[PDB]
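Reading through the structure tokens given below for one structure.
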Amino acid sequence: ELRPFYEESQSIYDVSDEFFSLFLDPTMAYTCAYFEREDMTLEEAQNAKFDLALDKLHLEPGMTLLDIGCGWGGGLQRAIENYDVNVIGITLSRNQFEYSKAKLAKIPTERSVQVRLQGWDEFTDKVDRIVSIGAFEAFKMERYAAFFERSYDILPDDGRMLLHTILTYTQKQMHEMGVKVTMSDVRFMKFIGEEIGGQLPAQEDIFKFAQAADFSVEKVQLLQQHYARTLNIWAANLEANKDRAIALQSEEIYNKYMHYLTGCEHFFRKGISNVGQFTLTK
Ligand SMILES: [Cl-]
């Protein structure tokens, strides 16, 4: 599929933070929200999702929290505001690195706050607790063991990790559950492969890889229909801001984002995909 002439093309990965602000909530969370109350706004549900993850970590004053894949910094903002802990956030996105650094610098704190442009395989600092929301689905399966081994090694004896990631099912499970994958679903999976690399883990894969690194899985919490609602709102916001999206980028880029959001929404609504928070203990 390689073309003989290099072509500087327009990718969904080239859009600015301003483009994401057309459809994310004000905290710029780009992961599944948690509608703990049915009438929550998107921002309230994103706050609730971060608070849900952080509460599972049993943070105590003075600890250091690592956020692997800190995104646009909403999780660490909640951690700094609500806990008396030092924090380290890592991301490999330069835009997210600068955005999160500037966002968190505005927050009063009596603890240390660091944001780094760094991947987990470069990270060796000892930390007390780890949160990772929406990063694992960008990892290649051949790196899973190394990821859990590194996570285990940087935690203390009492360490805890909250891993939040998207999940798929085996065909046997889908047949059992009465989920019928159609040609249009197949074409959407092909679109994902062409625009987003790799397959998605099943719940059982996370159990297997975590336990092989000597973690215990104490809890899995599944948020399937919360993601369907999250994606619905994102797509509605982007459509409301369609003219501005097209002016910043193009109708092609607008269409690709809308196709992505609404196709993913469908996969959660129909039951092809899920999303889980895994509490891992050492
Ligand atoms: Cl843009």
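Note that chain A is numbered according to Swiss-Prot, with residues 3-198, 201-286 shown in order.
Determined via X-ray crystallography, 1.5 Å.
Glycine is treated like the rest: Cβ placed from N, Cα and C.
Feature list (source: Swiss-Prot):
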BINDING   32-33, 67-75, 93-98, 122-123  S-adenosyl-L-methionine binding site
ACT_SITE  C268  active site
By a 10 Å Cβ neighbour count, the lowest-scoring of the recorded positions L94, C268 is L94
Measure from the Cβ of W74 (S-adenosyl-L-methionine binding site) and count the other Cβ atoms within 10 Å, all protein chains considered. 22
Long-range Cβ environment of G71 (S-adenosyl-L-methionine binding site), under 8 Å and at least 6 residues apart: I92, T93, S134, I135, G136, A137, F138, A140
Tell me the Cβ neighbour count for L68 (S-adenosyl-L-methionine binding site), meaning other Cβ atoms within 10 Å of its Cβ, over all protein chains shown. 26
Given the binding-site residues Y32, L68, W74, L94, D123, which one's Cα is the least distant from that of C268 (active site)? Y32
Between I198 and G201 there are 2 residues with no coordinates; how far apart are their CA atoms in Å? 6
